[PDB]
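Take a look at this one chain, the form deposited in one PDB entry, written out in structure tokens.
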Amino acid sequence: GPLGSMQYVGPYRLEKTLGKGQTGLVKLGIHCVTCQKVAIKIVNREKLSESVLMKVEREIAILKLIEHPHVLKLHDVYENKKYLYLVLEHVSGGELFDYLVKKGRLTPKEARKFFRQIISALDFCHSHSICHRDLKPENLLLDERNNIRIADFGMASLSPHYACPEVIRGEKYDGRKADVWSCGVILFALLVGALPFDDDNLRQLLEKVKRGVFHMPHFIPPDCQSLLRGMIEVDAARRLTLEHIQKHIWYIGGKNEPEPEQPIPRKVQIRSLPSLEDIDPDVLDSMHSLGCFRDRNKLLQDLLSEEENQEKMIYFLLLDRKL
């Protein structure tokens, strides 16, 4: 691990490095009492903007509170002055394309099993105001039963083949729409065994993606083809929403096929806060203590505003947790 990074994080002793990249270093953690395996992601906190840290600490608080069978579970977070430590579900089946490579290309039935896992996880996270924004194959981890866990939700604040044109142009984009594009590209790869946009040269690849023209092989069924074209759509306004996707017959036709699907976790019911009076004193207090919410008045404003936001989401998650 990095120099000066503790040998223990909470009850977890740090063992070998599992992997690393720009968003941090991952080590295997062992619980000192129960000896359970976790993956611990270590993030350097000194090299982040304060606005970034705020956004991150917010998404983190949400992710710690929710659970989905196809989202890598964030169990806890630990902080010292320099390093942030994320305690994550430990999975070791590899990544989704390892499976794809072995098969060459997947049948529409198998591709769709994976697609339903991915869409379900995205729908869930989007419902809690969390977009991925950087969805790519290495984020699609496999457990031992060959089921997906999507990793790295909320890490974006800290590749071009899977990015939508608006991301490639560094424009200000809808996160949900970016995830839809990325999922389209991944669905394509599952069905074809090749990418819709590829080039030996970077500069050329970027233009292909921005242009958004790709060829679909005949062996992709027409129902599925109409789904792919709606997702891999350059006009973000015209691009399918997750709502459109989940209403689509090809999608729906996959329910419990070939196998029964994991239990659907309950989504928290989020309501309006008409006035200061309707805010729970103990939940407000616990939120106010967090750090990213140290300014009580700005916290009150964000909770009472008409806008949907992560402040409201956290509040209702905590409220739900109390009951």
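Numbering starts at 1 and follows the sequence shown. Rigid core: the largest C-alpha set superposing within 1.5 Å between the two forms.
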item: Interresidue gap class [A236, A237; deposited sequence, unmodelled]; value: none
item: Of 51-59 and 66-74, the one with larger mean CA B-factor; value: 51-59
item: 184-192 set against 167-175, stretch whose average Cα temperature factor tops the other in the entry; value: 167-175
item: Top Cα B factor in the deposited entry, candidates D152, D199, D98, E89; value: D199
item: Third of the chain's Cα B-factor distribution that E243 belongs to, per the entry; value: middle
item: Chain third (lowest, middle, highest) by recorded CA B-factor, residue given as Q310; value: middle
item: Record-listed C-alpha B factor of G254: chain third; value: lowest
item: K210 CA temperature factor, ranked by third within the chain; value: middle
item: Third assignment of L84 from its chain's C-alpha B-factors; value: middle
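There is another form of this protein, the form solved in complex with a partner chain, and it is not shown here; the text below is about that form.
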property: Which of 210-218, 108-116, 75-83, 167-175 sits within 4.5 Å of the partner chain in the entry with it bound, heavy atom basis; result: 75-83
property: In the entry with it bound, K267 touching the partner chain (heavy atom, 4.5 Å); result: no
property: Contact test in the entry with it bound: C32 vs the partner chain, heavy atoms, 4.5 Å; result: yes
property: The partner chain contact at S289 in the entry with it bound, heavy atom, 4.5 Å; result: yes
property: is_contact(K64, the partner chain) in the entry with it bound, heavy atom dist at most 4.5 Å; result: yes
property: Position with Cα shift of 2 Å or more, rigid core superposed between this form and the one not shown, options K82, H90, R229, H244; result: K82
property: C-alpha of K64 moved at least 2 Å between this form and the one not shown on rigid core; result: no
property: Shift of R45 between this form and the one not shown at or above 2 Å (CA, core fit); result: yes
property: Core-superposed C-alpha of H288 shifting 2 Å or more between this form and the one not shown; result: yes
property: Comparison of CA distance in the entry with it bound with shown form for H128, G21, at least 3 Å; result: farther
property: Sense of CA distance change between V52 and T23 in the entry with it bound, threshold 3 Å; result: farther
